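Take a look at the structure below.
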Amino acid sequence: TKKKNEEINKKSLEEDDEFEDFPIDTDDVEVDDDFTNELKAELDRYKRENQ
Amino acid sequence: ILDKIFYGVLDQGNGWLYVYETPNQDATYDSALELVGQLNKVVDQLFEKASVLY
Amino acid sequence: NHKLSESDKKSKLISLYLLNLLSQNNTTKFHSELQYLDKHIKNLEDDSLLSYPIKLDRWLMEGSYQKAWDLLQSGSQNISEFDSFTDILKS
Amino acid sequence: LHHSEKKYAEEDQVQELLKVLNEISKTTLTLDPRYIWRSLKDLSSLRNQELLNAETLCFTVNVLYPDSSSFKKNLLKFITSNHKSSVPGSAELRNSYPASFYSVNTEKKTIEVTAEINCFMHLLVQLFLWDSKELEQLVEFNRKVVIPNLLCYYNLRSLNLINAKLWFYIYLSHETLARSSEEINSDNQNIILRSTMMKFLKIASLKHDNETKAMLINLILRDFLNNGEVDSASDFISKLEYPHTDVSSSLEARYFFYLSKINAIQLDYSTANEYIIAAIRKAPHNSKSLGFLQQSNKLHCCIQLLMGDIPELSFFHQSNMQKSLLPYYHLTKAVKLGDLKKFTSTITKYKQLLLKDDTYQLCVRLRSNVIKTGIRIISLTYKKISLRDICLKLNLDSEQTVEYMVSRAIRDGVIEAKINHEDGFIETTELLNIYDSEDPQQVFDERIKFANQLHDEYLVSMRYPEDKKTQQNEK
Amino acid sequence: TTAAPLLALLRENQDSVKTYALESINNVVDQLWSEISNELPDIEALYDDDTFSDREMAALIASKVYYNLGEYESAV
Amino acid sequence: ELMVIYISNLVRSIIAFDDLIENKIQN
Amino acid sequence: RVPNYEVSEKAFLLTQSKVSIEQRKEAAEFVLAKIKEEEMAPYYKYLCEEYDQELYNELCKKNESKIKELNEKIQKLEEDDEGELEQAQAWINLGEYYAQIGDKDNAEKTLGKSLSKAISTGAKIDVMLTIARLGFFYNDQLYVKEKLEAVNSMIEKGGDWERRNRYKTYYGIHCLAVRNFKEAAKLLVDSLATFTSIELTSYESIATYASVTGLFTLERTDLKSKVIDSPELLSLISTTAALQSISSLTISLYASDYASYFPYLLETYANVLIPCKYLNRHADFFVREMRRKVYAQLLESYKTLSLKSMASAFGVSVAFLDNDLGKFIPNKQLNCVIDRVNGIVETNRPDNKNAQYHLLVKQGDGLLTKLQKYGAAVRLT
């Protein structure tokens with residue numbers, strides 16, 4: 001009840017919230033290397049045979 | 001090397017074997033990790049205790 | 001600038017002021033002055049002749065020295081009073 | 001109905017008032033009325049709708065009115081003249097008790113009790129105006145009237161705490177009307193608004209009011225960025241009179257946000273990082289604080305990309321605010337991979353979102369970092385790497401161009417590399433064994449000082465309640 | 001409005017321009033002071049010189065700014 | 001030590017408040 | 001109870017188009033008879049999209065037959081005197097049917113009444129578990145989690161050793177289901193030691209799961225003892241295809257075959273990781289680790305390597321290997337660089353003093369932030 005004057009006034013300067021404006025308007029990064037690996041193996045194998 | 005009775009390094013790009021018979025680094029830092037480990041839990045506990053003020 | 005703050009002269013005069021600061025070799029100020037302007041030129045003029053100091057900055061920030069030299073050399077086309085900066089910038 | 005409601009709501013107002021009235025006039029209990037006042041604004045905002053709203057008029061009439069009858073009239077006029085025996089003399093519940101303003105003596109002017117009452121009465125009008133959303137006429141009418149009244153007062157430490165709150169409303173209300181409609185009249189009155197905060201701040205430094213100093217500084221730093229003036233903002237921060245003694249954590253958190261922005265554009269991303277982390281810590285995590293947290297996260301992410309570092313991937317993900325930070329994840333992917341095309345496409349798509357907060361402007365500069373970041377990574381994987389290899393990977397235009405970007409970088413020392421032109425490779429200089437050098441000691445020296453500073457903070461605060469209790473009688 | 005015109009005028013070498021500038025700044029010295037703090041060493045130099053005849057006024061401006069900032073010692 | 005002393009203060013506030021109300025009632 | 005999982009696992013292969021069209025339609029033959037037989041329409045409605053009204057007339061008939069049978073059976077055994085126990089068993093029996101048609105909603109209700117009534121203490125523990133089983137059927141991770149707590153609440157009050165064995169295997173599946181495998185590898189290998197099965201998914205599943213999780217978590221020396229030299233896994237031999245593929249990958253790594261190692265990775269992905277519903281999620285996550293591991297060992301043993309020696313041993317080209325390596329290097333589990341110019345792979349591998357310095361200082365920063373957090377609040381208050 002003490003912070004409440006301050007938190008509400010603080011909020012007012014951001015204006016609204018942005019968070020609910022957003023839907024109205026509208027290997028964490030890596031990619032799985034099994035797919036890549038598959039292709040590559042075939043490609044190696046050819047050259048290897050004819051070596 | 002994986003077993004670990006001579007733990008050294010092999011050079012493919014040349015042809016030498018280097019031997020290192022160097023066993024192990026600081027106990028000091030290790031036991032220091034344990035003390036810090038306890039302390040992390042302890043402060044959260046205390047904080048739990050300290051919530052009658054809230 | 002009168003009547004809240006248009007005129008075609010507004011774009012030309014800004015471009016020459018900002019280029020001064022890049023010739024004094026203060027990027028720090030180039031950004032500081034730019035901050036002020038930003039609210040008043042967001043898309044009002046957008047970039048016009050204003051683009052001339054803007055590209056130049058971008059390339060030294062990237063650290064593309066090559067690309068930079070290229071813009072200056074080609075900058076001899078448009079010499080009208082801009083040479084007042086061009087020469088400084090070579091050195 | 002009407003009579004019952006007006007009076008009942010009015011009853012509660014007088015109970016709250018009596019408490020704050022009594023406490024200020026018997027010694028200086030300064031801190032205690034302040035805690036009441038916080039709670040007061042909240043209780044009052046919720047009140048107003050229930051139990052009519054001409055409950056305030058009754059209150060005005062009831063006590064002494066030196067200018068406030070006219071102000072209340074003006075509000076009533078605005079939303080249409082309301083009538084139900086709302087003519088003065090309507091209420092009178094003083095009745096010759098010295099705690100309810102002695103009826104004969106006050107009127108004669110053999111005693112004055114109006115001083116503090118007037119400041120409070122004003123507080124109720126600004127709150128109610130803002131509540132209702134009465135703009136235009138009243139907003140100017142209100143500023144016009146309150147500023148000379150405080151400057152006719154010679155305001156106690158206690159009275160300083162009260163007017164620190166009218167100041168908040170004076171600033172916000174002028175802004176909302178401006179945002180609603182642009183006009184030159186709004187612009188003339190803007191110059192008036194700056195000048196009044198500057199005159200008052202000197203008065204409020206001499207009374208050393210922790211509340212007052214705090215409120216004014218947050219407002220002024222904000223005003224300056226909106227007008228873009230770098231120069232004035234740096235001078236204003238040099239002083240650092242902004243207290244940390246007792247003020248709310250919400251106040252501080254605002255203070256820390258602005259510094260982050262300010263230092264970032266001036267090319268200190270080192271200190272901006274510390275400020276932005278520090279701003280989150282002070283802020284409470286509340287829904288009423290959600291707007292601040294949401295703007296804070298976004299600024300944090302921009303600073304980490306300006307430095308050259310990728311923030312934690314998990315930040316954007318594990319958030320329940322994850323939707324807004326959709327633009328931030330696309331920027332983070334493009335920067336880390338050095339994909340030249342991706343980066344430019346991202347900022348076109350999310351441009352209008354980004355333009356709102358003027359993070360678009362920072363993102364033009366984040367073009368540079370796409371390239372800077374990618375080279376740092378390529379160098380850490382591949383120690384000696386021909387200039388030819390680097391270009392092939394990240395499709396950089398030519399060997400001469402990439403050499404120069406790398407060259408620029410290691411002057412400012414981020415890559416920590418060196419170019420060997422003659423031999424055609426760029427060789428990372430890192431080797432470790434920095435434990436042997438003196439650098440850990442510098443690091444650790446600081447960490448001790450930080451703990452000590454903790455202890456001191458504990459000790460001082462700890463004793464302040466105990467004084468109270470020993471002095472109080474106990475069973 | 002801003003102090004930027006005002007600053008610009010000090011610099012103009014010609015005597016009458018500098019004098020006019022001092023009056024202009026003096027009006028708004030109490031209203032606005034944080035913008036000309038930067039440029040205090042120049043106002044001070046004018047006070048030093050004994051060519052001006054509103055020289056007394058030049059030091060007044062320095063003093064006024066310094067009390068508003070809160071450096072009371074510099075003011076006095 | 002910071003918290004424990006606070007805990008003690010918190011109980012004592014109540015002890016002292018209760019003295020005042022009870023003196024009034026008794027009289 | 002028993003068939004509900006059988007169905008869905010078949011249905012999964014039908015759903016996916018990743019699977020070969022030949023395999024897809026093997027699954028199609030098998031599942032179709034059981035849809036009709038066990039009357040699986042509520043669950044089947046989701047999957048049918050997702051890959052007769054007779055099934056329903058049947059549902060509804062069955063619903064009502066089975067529904068009515070069980071109804072009046074309880075009406076019969078309310079009368080017949082034994083008020084705690086016989087109503088309870090009859091209520092369980094309604095739920096048996098619900099569990100049969102794969103509607104979990106109705107199961108929960110009837111088994112609720114069963115619990116209210118005070119019966120054998122073992123029995124209750126069995127019921128709680130049955131509800132947790134339904135979480136695996138839907139394969140909603142969130143459903144299995146909440147429920148397994150209620151089971152764990154009653155287990156230790158019950159002090160049942162017998163159903164305590166079941167707990168292990170179910171909790172294996174939660175930790176399997178999730179990414180975090182550190183808790184999963186320990187749990188699933190203990191259950192190979194002690195199996196107690198009362199209405200439970202086959203023993204085969206447990207084998208498949210131990211092997212994967214063994215590989216991901218354990219270090220070299222502990223992999224040998226606990227997985228390779230597991231008596232059960234060896235005694236069961238490689239019979240089933242899924243089990244077989246993983247076994248070949250395990251041997252080669254340990255016998256330090258490098259040539260067939262990379263082909264077994266491709267094999268494992270085709271035949272183990274993708275058919276499983278729980279480790280379909282973690283197919284990407286498993287592989288990335290295992291490619292780092294072959295390298296991480298190899299760099300331990302070698303200060304320098306050539307690119308051609310490194311590449312060729314595995315049976316991949318120099319260009320392909322170099323690319324795969326730059327992906328893994330910034331995670332800093334390999335601690336090596338590639339000299340393009342000299343063509344060597346040099347190994348930094350720092351276990352120096354400066355390395356150990358980093359690990360303790362990161363713990364200390366975590367403790368630093370918390371102190372500020374508790375203190376600043378409490379001082380204001």
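Chain labels follow the order of the structure tokens: the first chain is A, the next B, and so on; residue numbering restarts at 1 in every chain, and ligands are counted from 1 in their shown order.
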**OP:** Considering only C-alpha atoms, return as a list in words whatever protein or nucleic-acid residues lie within 9 Å of range 16-28 of chain E, sequence-local ones (same chain, fewer than 5 positions apart) excluded.
**Re:**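 My list of contacting residues is residues 195 of chain D; 3, 6, 7, 9, 10, 11, 33, 52, 53, 54, 57, 58, 60 and 61 of chain E.
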**OP:** Using DSSP on the backbone coordinates, identify the residues of range 11-51 of chain B assigned to alpha helix (DSSP H); present them as a PyMOL selection string.
**Re:** chain B and resi 27-49
Could the residues in this selection be saved with C-alpha atoms as a compact mmCIF listing (two decimals), in the first residue's frame?
```
# COMPACT_ATOMS: atom_id res chain seq x y z
CA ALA B 27 42.54 -28.77 -3.30
CA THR B 28 42.08 -25.17 -2.16
CA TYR B 29 39.82 -24.04 -4.91
CA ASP B 30 37.88 -27.30 -4.70
CA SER B 31 36.97 -27.10 -1.07
CA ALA B 32 36.15 -23.41 -1.66
CA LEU B 33 33.48 -24.52 -4.13
CA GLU B 34 31.82 -26.55 -1.40
CA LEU B 35 31.65 -23.63 1.14
CA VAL B 36 30.12 -21.36 -1.51
CA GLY B 37 27.70 -24.21 -2.40
CA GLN B 38 26.34 -24.42 1.11
CA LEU B 39 26.07 -20.66 1.44
CA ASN B 40 23.80 -20.25 -1.62
CA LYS B 41 21.12 -22.48 -0.10
CA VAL B 42 21.56 -20.97 3.37
CA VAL B 43 20.77 -17.36 2.35
CA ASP B 44 17.58 -18.40 0.61
CA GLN B 45 16.51 -20.27 3.79
CA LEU B 46 17.18 -17.28 6.01
CA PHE B 47 15.12 -15.16 3.64
CA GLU B 48 12.34 -17.61 4.07
CA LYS B 49 12.58 -17.20 7.75
```
Original post:
Excluding same-chain residues fewer than 6 positions from residue 240 in chain G, what lies within 12 Å of it counting only C-alpha atoms, as a VMD selection string?
Top reply: chain G and resid 204 to 205 207 to 208 233 246 to 247 271 to 272
Subject >> Close residues, range 229-237 of chain D itself excluded, 9 Å, only C-alpha atoms, min 3 positions apart in chain, as an MDAnalysis selection string >> reply: (chainID C and resid 32:33 35:36) or (chainID D and resid 217 220:221 224:226 240:242 259 262 266) or (chainID E and resid 34:38 69)
Within 6 Å of chain A: each chain D residue with its shortest pair, only C-alpha atoms, as CSV:
```
residue,atom,partner,partner_atom,distance
D:35,CA,A:2,CA,5.9
D:38,CA,A:2,CA,5.3
D:39,CA,A:1,CA,5.3
D:288,CA,A:8,CA,5.7
D:289,CA,A:7,CA,5.7
D:291,CA,A:17,CA,4.8
```
For those residues, write N, CA, C and O atoms to a file as a PDB file, in the first residue's frame.
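File out_33.pdb, as written:
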```
ATOM      1  N   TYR D  35       3.612   7.904   4.781  1.00  0.00           N
ATOM      2  CA  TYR D  35       3.148   6.539   4.588  1.00  0.00           C
ATOM      3  C   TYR D  35       1.615   6.546   4.442  1.00  0.00           C
ATOM      4  O   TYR D  35       1.034   5.875   3.635  1.00  0.00           O
ATOM      5  N   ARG D  38       0.512   7.861   0.853  1.00  0.00           N
ATOM      6  CA  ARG D  38       0.651   6.870  -0.169  1.00  0.00           C
ATOM      7  C   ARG D  38      -0.565   6.079  -0.353  1.00  0.00           C
ATOM      8  O   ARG D  38      -1.046   5.917  -1.417  1.00  0.00           O
ATOM      9  N   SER D  39      -1.086   5.598   0.780  1.00  0.00           N
ATOM     10  CA  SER D  39      -2.228   4.755   0.973  1.00  0.00           C
ATOM     11  C   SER D  39      -3.506   5.560   0.622  1.00  0.00           C
ATOM     12  O   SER D  39      -4.460   4.957   0.147  1.00  0.00           O
ATOM     13  N   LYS D 288       1.489  -3.525 -11.619  1.00  0.00           N
ATOM     14  CA  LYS D 288       1.497  -2.060 -11.565  1.00  0.00           C
ATOM     15  C   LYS D 288       2.859  -1.488 -11.984  1.00  0.00           C
ATOM     16  O   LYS D 288       2.995  -0.293 -12.271  1.00  0.00           O
ATOM     17  N   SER D 289       3.887  -2.376 -12.039  1.00  0.00           N
ATOM     18  CA  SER D 289       5.228  -2.179 -12.457  1.00  0.00           C
ATOM     19  C   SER D 289       5.598  -2.857 -13.798  1.00  0.00           C
ATOM     20  O   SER D 289       6.725  -2.840 -14.262  1.00  0.00           O
ATOM     21  N   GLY D 291       4.588  -2.252 -16.986  1.00  0.00           N
ATOM     22  CA  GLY D 291       5.025  -1.272 -17.956  1.00  0.00           C
ATOM     23  C   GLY D 291       6.499  -1.016 -17.802  1.00  0.00           C
ATOM     24  O   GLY D 291       7.115  -1.007 -18.896  1.00  0.00           O
TER      25      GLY D 291
END
```
